[PDB]
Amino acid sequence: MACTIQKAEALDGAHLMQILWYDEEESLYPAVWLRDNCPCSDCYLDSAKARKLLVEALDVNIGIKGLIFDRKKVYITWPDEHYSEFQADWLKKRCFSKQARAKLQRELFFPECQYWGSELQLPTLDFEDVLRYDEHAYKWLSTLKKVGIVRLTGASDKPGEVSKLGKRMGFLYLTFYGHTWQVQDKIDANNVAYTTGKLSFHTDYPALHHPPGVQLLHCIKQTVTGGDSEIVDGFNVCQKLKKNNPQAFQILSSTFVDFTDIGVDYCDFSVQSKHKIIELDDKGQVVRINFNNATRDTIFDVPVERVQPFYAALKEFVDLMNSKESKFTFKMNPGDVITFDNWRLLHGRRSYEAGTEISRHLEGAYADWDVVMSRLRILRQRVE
């Protein structure tokens, strides 16, 4: 009834096609869009699922010349004699109504988020299960997307585990710190992460214009002298800030802050970026946080009168993150792997004590959100 065609016709100077379905709903389709998306072998490369049709071949004033239909298909002739057939279900899916468009967007991009504070039930799955089973791997990635974090238990206490997850996702995101990297105390540390010091809430790699979307951290060795993990849901914190201190929100969401990283690791590097700490989309919704206090530059490209209020704003924000209602704290054990959204969460670590031997060792890696969402979409298809 919903995907079955009752009538199809050309309207509005033949610049529109109207489909009345057997459920009584009507859908409208611009003629130029139909022509642009002709699935015939001249216009569309089936092996690539891509358009061969050039913009140059498209008449933007085109009208439908003839049309006939049955219950499952419309058949169209165009003024230049080109001929196009479209399937009902294909058309219905791509319906231009607000409701149909949003439904499809939700399927494509899994936009739903569950905001949290200190009440977090840390989502947990088994590691080998996620490797072995599509049902678990699906639960893993969809929860990662929705919640911002998933902990995997029962991995080895050995290097190479995050690599396995990278292969499971697809591939990891190479940076100047390697394909994977070792978080432990280091002589002549090129990075504050590689010392025993406390790391306050940050996101990783704001020194890059495209920070890692997803972070993986696997505990190989844990100290008893400290080293507790802390996380916070940045989207939740931003929402509170806008409510509590609109002016601090406005400043943090509009001021470009310079980040830097000069050193040698996988390779030699001199990295510089500008980011707004609270990054908004065009509708004003928070879509990324860009903030590591370690790598924030001494260079600060703002007029003198904006400097102190920026700091007063940053301070309110950090104070919100440290609030007992926002942060969740936990201690990783050897065999634990945490995988999280490095665009949304901020994460941190308590100080611990240095020794002559390595008391504490994590292995980490990153992955791009597009690579992760790809595996997510494929995994959903296999399980449903």
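Each residue number is its position in the shown sequence, starting from 1. Superpose the two forms; the largest set of C-alphas matching within 1.5 Å is the rigid core.
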* Structure fact -> Quick note, superposing on core in 9 other deposited structures of this protein and taking C-alpha RMS, the more shifted stretch of 274 to 282 and 175 to 183 is 175 to 183
* Structure fact -> Comparing 262 to 270 to 151 to 159 by root mean square Cα deviation from the shown form in 9 other deposited structures of this protein, core aligned, the larger deviation is found at 262 to 270
* Asked: Between 20 to 28 and 371 to 379, which has the larger average Cα B-factor in the PDB entry?
  -> 20 to 28
* Structure fact -> The stretch whose C-alpha atoms carry the larger average B-factor in the entry, 322 to 330 or 337 to 345, is 322 to 330
* Have a look at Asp80, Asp261, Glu279, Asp233 and flag the one whose Cα has the highest B-factor in the entry. => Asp80
* Maximum C-alpha temperature factor, selected from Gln308, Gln182, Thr203, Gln285 -> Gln285
* Divide the modelled residues of the chain into thirds by Cα B-factor and specify which third, lowest, middle or highest, holds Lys164. => middle
* To do: Can you work out whether the C-alpha temperature factor of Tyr177 puts it in the lowest, middle or highest third of the chain?
  => lowest
* Structure fact -> Chain-relative C-alpha B factor for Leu54 (record values, thirds): the lowest
* Name the third of the chain's ranked CA B-factors that contains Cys40, choosing lowest, middle or highest. => middle
* Asked: Which third of the chain does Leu34 land in by C-alpha B-factor: lowest, middle or highest?
  -> lowest
